[PDB]
Structure formats: structure tokens, C-alpha cells
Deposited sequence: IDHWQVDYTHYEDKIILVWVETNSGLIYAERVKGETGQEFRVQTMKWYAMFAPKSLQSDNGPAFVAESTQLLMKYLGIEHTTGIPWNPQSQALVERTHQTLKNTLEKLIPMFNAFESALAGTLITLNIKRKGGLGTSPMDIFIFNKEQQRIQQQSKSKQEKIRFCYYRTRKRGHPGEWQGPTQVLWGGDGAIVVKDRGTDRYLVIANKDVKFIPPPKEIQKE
């Protein structure tokens, strides 16, 4: 679904916190100063802001089992299970992913001035550049999985707005208010009182009016 595993990793004299998403192989990594629970909670916020995860697995390291970490996971709606379970599919993918990261970091370090740049370039190579058997990257798969979840709840489920049209690429005067006849994916349909014809407007040319 949106399940992740987190580990502390060592590279020469540096400590790297490594997150791996067990469905798409997406990777997220960042250099840290130590293994304290406070810095792990800082990294936890940056991780959630980027990916909106749902569940997490880790070993029972101190930063992971601290009471403040457990309360933070619950506060963000994350089901965090300490102790790695038995799963051949995810365990094999995590192992390959960790090995490829170290090998790629070895090549990209001499290209850049900063270790942070080499690590960022490594994420680019693994998440964006390499394509699987179907020609999709890990980030292509992660995004596709996100959009599938949104269609799920949206399909299982009166507005008014201002709108404007564009002639030769330039937006016009705001018009309305008028009823939103149909809300679509990035577009709405309204009926123009002036010309008495139906129109389609994009989201960036619509200002919705808030319910009561």
C-alpha cells in the first residue's frame, strides 16, 4: 500500500537514515549526526511531509521505541510496528536496494563538492532514471499508486464559483457567480448566462465560493 521500512546505515564516517517503500522501491535518504530519538523525530516530520505514508516497520532501536516517537507516529496516523516481520518479497527488495545505494554513492562522490549533493544525485539515479521491465521508474510506480487510492474514495462518494476564460493564453475578467454544474478532474462545467452556452473551465481559472 504505502508501507515503508527505515534503517540507520553507515558509510565510512557518516550516518545515513534510509527509508525504502516496499511496494515501489522508492528510496529516501538523508545524512544525520547521530541516532538519538529527537533527531529521528525531526527526520520523521520531513519524511511524512513528502510522501504521506500509512505504515512503517523497523527494528527495536532506541530512537524507534522511545515513547515520544510512538506518540508522534500515532499523531500522524502511522501504524508503526517495531521488529521486522518475516516477508521474503520485501526483505529481498530492501537488501538489493541497500547494496545498490552504496555502490552508486561510491561513483557519485568524486563528482560533487558536497556529500549531500552526491547523495541527492544517487536518489535521482535510483528513483527517476532507471526503468523496470515495463519502462516505469520507482517514482512512476509510487505516483501511480497514489492516484489509484484517490480515485477509490472519490468514486465511492451544490457549489458556486467565479470563473474566467482565456483567449490566446491570457486570462480574462472574473465572471459570475454561477453554479458548478459538474466538478471534474482539473475542470468544471458551467453555463454562461450571457451567451447561453455550456463552458469548461480549468481549476486555475475557478474561484470556489465556500459553503455556509
So which bits of the deposited chain never got modelled?
158-161, 217-222
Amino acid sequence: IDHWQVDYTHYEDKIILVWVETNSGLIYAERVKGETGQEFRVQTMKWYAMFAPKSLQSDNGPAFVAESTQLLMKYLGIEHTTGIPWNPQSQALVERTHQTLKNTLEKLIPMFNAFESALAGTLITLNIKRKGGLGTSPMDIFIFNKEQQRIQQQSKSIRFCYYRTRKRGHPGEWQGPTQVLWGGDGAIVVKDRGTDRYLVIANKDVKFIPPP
From here on, numbers count along this sequence of modelled residues.
Select between 182-190 and 34-42 the stretch whose C-alpha atoms have the higher average B-factor in the entry.
182-190
Quick one: higher average CA temperature factor, 52-60 or 172-180?
172-180
Comparing recorded Cα B-factors across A66, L26, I158, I143, which one is largest?
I158
Based on the deposited C-alpha B factors for this chain, I'd like to know if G77 is in the lowest, middle or highest third.
lowest
What third of its chain's C-alpha B-factors does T22 belong to: lowest, middle or highest?
lowest
Sorting by Cα B-factor within the chain, modelled residues only, which third would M111 end up in: lowest, middle or highest?
middle
Lowest, middle or highest third: where is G83 by C-alpha B factor in its chain?
middle
Looking at the temperature factor on the CA atom of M139, which third of the chain's modelled residues does it land in?
middle
